[PDB]
Amino acid sequence: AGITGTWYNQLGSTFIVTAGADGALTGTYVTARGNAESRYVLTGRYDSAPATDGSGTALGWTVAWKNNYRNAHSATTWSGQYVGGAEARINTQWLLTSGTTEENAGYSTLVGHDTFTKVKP
Amino acid sequence: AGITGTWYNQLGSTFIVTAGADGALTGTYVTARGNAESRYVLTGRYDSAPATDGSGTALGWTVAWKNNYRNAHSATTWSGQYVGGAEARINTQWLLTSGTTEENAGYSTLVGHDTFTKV
Amino acid sequence: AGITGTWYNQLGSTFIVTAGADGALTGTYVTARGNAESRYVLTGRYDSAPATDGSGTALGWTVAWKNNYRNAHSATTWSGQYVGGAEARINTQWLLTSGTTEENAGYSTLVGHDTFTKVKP
Amino acid sequence: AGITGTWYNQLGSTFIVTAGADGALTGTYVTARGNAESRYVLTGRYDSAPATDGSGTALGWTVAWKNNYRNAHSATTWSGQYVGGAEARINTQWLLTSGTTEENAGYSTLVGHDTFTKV
Amino acid sequence: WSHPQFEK
Amino acid sequence: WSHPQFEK
Amino acid sequence: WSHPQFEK
Amino acid sequence: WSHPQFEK
């Protein structure tokens, strides 16, 4: 239950994730607004047999920004790694792609980084 | 089809995807080597109700580079959009993160772009 | 005079560059609009002693999107490599950062890629 | 100052920059090793007339990783913004491209982020 | 115009 | 709103 | 060192 | 393999 649990990023968004035995990541991403309308499905994958040399555990997930309340016609992927132990953390870089026409494709993709910290038991 | 089907990137990799209920992407990513050892699970999400103004359909997916044959201790996410119309294509940018020690984190993440076509 | 010259990207923008003996890149970036208002200063650096094993020549440059006609309060960096020989090409990834307030920082940075091809002599 | 001065990133590298006429950035980037061999030329550009609404000042610069002591056949660009106010900072994202053969181009470009402070 | 990822 | 990098 | 994403 | 950007 290293990855599985509740995580928060630097802005107050929440990453509620289950890491399945088969490499699956499933769960819910909650924006910092924190209401029902702020909850989105996430799905991804992780390395279920990481190195034992002190390296982190590689992972990624996607949120499509549609739920039953709203649709921002866009999807974000986070690519990163889990670093366990003292102050467990998931360090990520992300790509947010919005649907665009071809002539607006230069405006399509935002990039950034997020660090998530886990709620301790 | 729209998204569901078999796609190929510029290097000869294969993206075998199903765009399912309520925004789910599932399938298999096959490297250009094309053998059993080259097949990996993918999962992701897509906009199941895109705009109708000519804009593309946003989507993303992840491959963790472990299968029953090998493990590269890494994961790639592709973020992009499906463009329908005359010559369908999926345009993406990707991030490949390898597990690293803290001191090697500067080497952790590669970036690039892939375009997938039905050819 | 490998890098030095006039290059065009996939959209019809122009990269007019001089590669100096000291590693300097200087020149003008011209948007696809192609008028006076479309010309901006660029400055950057390149590897003036690349490997001889078939590898490309690493380089980067910046445009701040201000000229005497307009200001988009933003800057783009292109990071890439020159590949000489048949069909000389500069393959790049770019980051466009706009000035934002702190609360809008997630909207600050667009990412993309451009391939430039050189005018032959 | 505003941009001109000596800055440090999270790893102990030093960014010694002058924000000059009409948008020029010049200076020296020093890796965390801090010896003569660790000093590299930088050049870039910045917005010399930023907005006055609280937004940051956009800037970028490049280091080619060659000096008189060594050459890593690579170049990094930092793209970001200067944020003034109480605790000045430069927030950046960077792309490190290494020269590669065509078949190794997927390994060519690393991505990351650096925050520079005057501490 | 605002995006849910960055909303407060 | 438009940016010079992408203008036609 | 060889990564499957890029293998031929 | 060691890159100056990341050296200690």
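Only the coordinates and a few stated rules stand behind these numbers; no lab work does. Don't worry about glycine lacking a Cβ; one is built from the backbone with ideal geometry, like all the others, and counts go over all protein chains shown.
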Quiz prompt | Debye, to nearest 20: dipole size of the protein assembly as shown, +1 on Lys, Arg Cβ, -1 on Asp, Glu Cβ | solution = 60
Quiz item: To the nearest 0.05, what FRET efficiency results for D:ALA21 and B:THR4 with a Förster distance of 51 Å applied to their C-beta separation?
Solution: 0.35
Self-check item: Which of D:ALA72, D:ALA24, D:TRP61, positive extreme of dipole for chain D (C-beta unit charges)
Solution: D:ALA72
Quiz item: Are there GluC sites (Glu not before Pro) in the range D:10-119 that DSSP puts in a loop and that have at most 12 other Cβ atoms within 10 Å, and which ones?
Solution: D:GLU87
Self-check item: Likely footprinting exposure, A:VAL41, A:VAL17, fewest C-beta neighbours within 10 Å first
Solution: A:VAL41, A:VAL17
Self-check item: Distance in nm between pseudo-label sites at E:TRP1 and A:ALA21 (7 Å out along the Cβ direction from Cα)
Solution: 4.7
Practice problem: Sort all Cα-Cα distances of chain C into consecutive 5 angstrom bins from zero, then give the percent of pairs in each bin up to the one containing the longest distance. | Solution: 2, 11, 20, 24, 19, 12, 7, 3, 1, 0
Practice problem: Considering Cα pairs under 8 angstrom that are at least six residues apart, work out the relative contact order of the range B:60-100 and quote it in whole percent. | Solution: 35
Quiz item: How big is the gap, in Å, between the Cα center of the range C:1-66 and the Cα center of the range D:5-50?
Solution: 20
Quiz item: Which value results for Rg/Rh of the protein assembly as shown when Rg is the Cα radius of gyration and Rh the Kirkwood radius based on the inverse mean 1/r?
Solution: 0.94
Exercise. Pop out the ³J(HN,Hα) list for the range C:27-44 in order, Karplus 6.51 cos²θ - 1.76 cosθ + 1.60 with θ = phi - 60°, rounded to Hz; leave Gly and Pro as x.
Key: x, 9, 9, 10, 5, 5, 4, x, 9, 4, 5, 8, 9, 10, 5, 10, 9, x
Quiz item: Rounded to the nearest 20 Debye, what is the dipole magnitude of chain A about its Cα centre when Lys and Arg each give +1 and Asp and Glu each give -1 at the C-beta?
Solution: 420
Practice problem: Could you pull out the GluC sites (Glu not before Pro) across the range A:64-121 that fall in loop regions by DSSP (anything but H, G, I, E, B) with no more than 12 other Cβ atoms inside 10 Å? | Solution: A:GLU87
Exercise. Calculate the spin-label point distance for B:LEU11 paired with D:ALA86, positioning each point 7 Å from the Cα along the beta-carbon direction, and give it in nanometres.
Key: 4.7
Quiz item: Anyone know which of A:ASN67, A:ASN35, A:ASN91 comes out most mobile in the 10 Å Cα GNM of chain A?
Solution: A:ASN35
Quiz prompt | Filtered trypsin sites (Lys or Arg not before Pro), the range A:42-118: DSSP coil and at most 12 other beta carbons within 10 Å | solution = A:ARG70
Quiz item: Relative to a virtual label point 7 Å from the Cα of A:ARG33 in the Cα→beta-carbon direction, which members of the range A:5-25 show backbone nitrogen distances below 17 Å?
Solution: A:11-15
Quiz item: In nm, to one decimal, how far is the A:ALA51 label point from the A:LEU11 one, both placed 7 Å along Cα→Cβ?
Solution: 3.2
Quiz item: Once the mean 1/r over all distinct Cα pairs of chain D is inverted, what Kirkwood radius in angstroms do you read off?
Solution: 15.0
Practice problem: For the pairs A:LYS120/B:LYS66; C:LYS66/F:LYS8; D:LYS66/H:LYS8; C:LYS66/C:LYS120, note any where the Cα-Cα span goes beyond 21 Å. | Solution: A:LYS120/B:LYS66; C:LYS66/C:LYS120
Exercise. Treat every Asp and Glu Cβ in chain B as -1 and every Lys and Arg Cβ as +1, leave all other atoms uncharged, and give the resulting dipole magnitude about the Cα centre to the nearest 20 debye.
Key: 380
